[PDB]
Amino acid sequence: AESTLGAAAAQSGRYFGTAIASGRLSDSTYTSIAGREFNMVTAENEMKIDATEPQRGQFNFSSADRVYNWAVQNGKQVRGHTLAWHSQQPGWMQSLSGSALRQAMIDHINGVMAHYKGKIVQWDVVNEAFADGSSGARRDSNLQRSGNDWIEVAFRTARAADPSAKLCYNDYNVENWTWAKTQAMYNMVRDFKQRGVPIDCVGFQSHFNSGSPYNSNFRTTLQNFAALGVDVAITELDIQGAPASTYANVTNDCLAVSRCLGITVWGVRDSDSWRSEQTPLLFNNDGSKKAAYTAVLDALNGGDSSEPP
């Protein structure tokens, strides 16, 4: 057994990660907790398209590198997030369409991945391409309007740019196996694997709340995607009200699935969360461990004994 999340996860060859905000790296309580508890880091916003390429071909990795450096100097690996997404595009990219956009998408992938070549264990190459609801359709965005092949092209571009990284497709509201959105993502990944499109992993954002509750069939979802020959990862976990029960169920679902690489919770303390009003994380505002922390740690350890091995 181990006393911190990341170390406990590593006992089963997994990671327990967080989302780090560069602006919070001067907060010693934040860095003390994050450094102690997590062995994987995702930049909360610093590696997104707007932050890394604020003007066309004018890359900026200052804040991204502050997060990367903090992570590897503190022994954590890094998940890159995210290279091609409808949201958080800089204005110059939002105004592009068709072939111009396609070239800018490929150029953006190449510039960011070249900066981090060989440094990133997993990249969220494409994020949130499916529409919400029951259509199973692709979300309408400039990227989807440039051609349905944009997702496959992003993955091929990424594989060429850095063949050492695992390349993931990431989305939300795809955790419950009965949902149409889940099945659309499953059909796409299944097609990609059939044809040899370079995709190594599927990310489940895992934002559970009253509008999209956890279901025990999340384990079925994870198993079925793993059976397509891809790894699975829980990438942006947070749970409205932070019930320790549900946090432990999610943890045990990953631990039950051999290709589930690890879990990332989407921030450190509740005050750090993008949805702080839903108090959805493992640590209180004062840095203290919540009931959910204990249940997650115990799940990772397979129990809480205090005795000789």
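Rigid core: the largest C-alpha set superposing within 1.5 Å between the two forms. All residue numbers refer to positions in the sequence shown, first residue = 1.
Farther on average from this form in 7 other deposited structures of this protein lies stretch 192 to 200, the comparison being between 192 to 200 and 79 to 87 by RMS Cα distance after core superposition. Stretches 123 to 131 and 208 to 216 differ in mean CA B factor, with 208 to 216 having the higher one. Of all the options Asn69, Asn252, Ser62, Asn45, the entry's greatest CA B-factor is assigned to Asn69.
In this PDB entry, the Cα temperature factor of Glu236 sits in the bottom third of its chain's modelled residues, the lowest group. Among the modelled residues of its chain, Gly196 has a C-alpha B-factor that falls in the highest third according to the deposited record.
In the deposited entry, the Cα temperature factor of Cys168 sits in the bottom third of values across the chain's modelled residues. Per-chain ranking of the deposited C-alpha B factor places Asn224 in the highest third. Ranked within its chain, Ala114 lands in the highest third, by CA B factor from the PDB record.
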